[PDB]
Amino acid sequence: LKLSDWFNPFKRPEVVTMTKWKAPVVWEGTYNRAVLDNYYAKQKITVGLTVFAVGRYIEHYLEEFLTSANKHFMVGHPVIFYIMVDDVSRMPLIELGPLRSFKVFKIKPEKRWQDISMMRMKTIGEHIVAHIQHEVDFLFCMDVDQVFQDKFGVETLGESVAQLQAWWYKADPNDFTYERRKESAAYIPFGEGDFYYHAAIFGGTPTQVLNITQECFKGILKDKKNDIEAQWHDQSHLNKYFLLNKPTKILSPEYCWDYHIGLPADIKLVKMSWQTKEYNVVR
């Protein structure tokens, strides 16, 4: 498969469509999903999707996330949803459609929400080694407080996939909220950086995602050891990781949009949107 076989950057001249290391940035209008569905279907791929719901997030977001995923995620290809919750008795079983199935695991609820978010890196890694590596060809790891709004398909697959954070995609690197303290493993010096990635969505082959999570958790552990916590937790470490190990594909903010921003000309068709945000329950 050649990049030119399914990707035409000339359809979106007003946004960044190719990185300096030749990785494509996928925006609505640049991909030929029909070509990709055929190619991947012929290889009979299976895609995994992990999602964590702890505490109030279960009743507030899990059902909406799973229902929408079942409807819009990798339609036409086998998908396995890996659900991690602290209380399985509340795991909202919904009806899944053709080619979708699931596997639920009960996890420990971390006291601090910051740790609930960060420990995912450890847990995902353990699961990739234990079984996911044998079950799927590609894997995505996502925040639960989001909803699929339209088709999120095979055009998003790749060795290592990153998401452009909706609020900073047009900002210059020196303005990114990377971790700036040299004392943290997530430290990124001013004068460095390609894009500001969103930890709400990342993926790739099981091998690559294993390295992403393992390296991120190592930094998370190193920081705890030195009594320091990155301001943006796992997102900060993920950004450090992606700086050192460039993603082979990046998804535009259309794949992870926050309507609080509005709806600028660049956002042509939203595939997934941030949930309200909260402000009351959840935590």
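Numbering starts at 1 and runs along the sequence shown.
**Q** Is the mean CA B factor in the deposited entry higher across 124 to 132 or across 92 to 100?
**A** Result of the comparison: 92 to 100.
**Q** Quick check: 40 to 48 versus 63 to 71, which has the larger average CA B-factor in the record?
**A** Between 40 to 48 and 63 to 71, it is 40 to 48 that shows the higher mean C-alpha B-factor.
**Q** From 15, 25, 263, 270, pick the one with the largest CA B-factor in the entry?
**A** Out of 15, 25, 263, 270, the record gives the largest C-alpha B-factor to 263.
**Q** What's the residue among 30, 226, 236, 252 with the greatest CA temperature factor in the PDB record?
**A** Answer, based on the entry's C-alpha B-factors: 226.
**Q** By the record's CA B-factor, is residue 155 among the lowest, middle or highest third of residues in the chain?
**A** Its C-alpha B-factor belongs to the lowest third of this chain's values.
**Q** Is the Cα B-factor recorded for residue 107 in the lowest, middle or highest third of its chain?
**A** Highest third - that is where residue 107 ends up once the chain's C-alpha B-factors are sorted.
**Q** Classify residue 231 as lowest, middle or highest third according to the C-alpha B-factor given in the PDB entry, relative to its own chain.
**A** Its C-alpha B-factor, which the entry lists for residue 231, ranks in the highest third among residues of this chain.
**Q** Looking at the temperature factor on the CA atom of residue 117, which third of the chain's modelled residues does it land in?
**A** Its C-alpha B-factor belongs to the highest third of this chain's values.
**Q** Select lowest, middle or highest to describe the third in which the CA B-factor of residue 208 falls within its chain in this entry.
**A** Its C-alpha B-factor belongs to the middle third of this chain's values.
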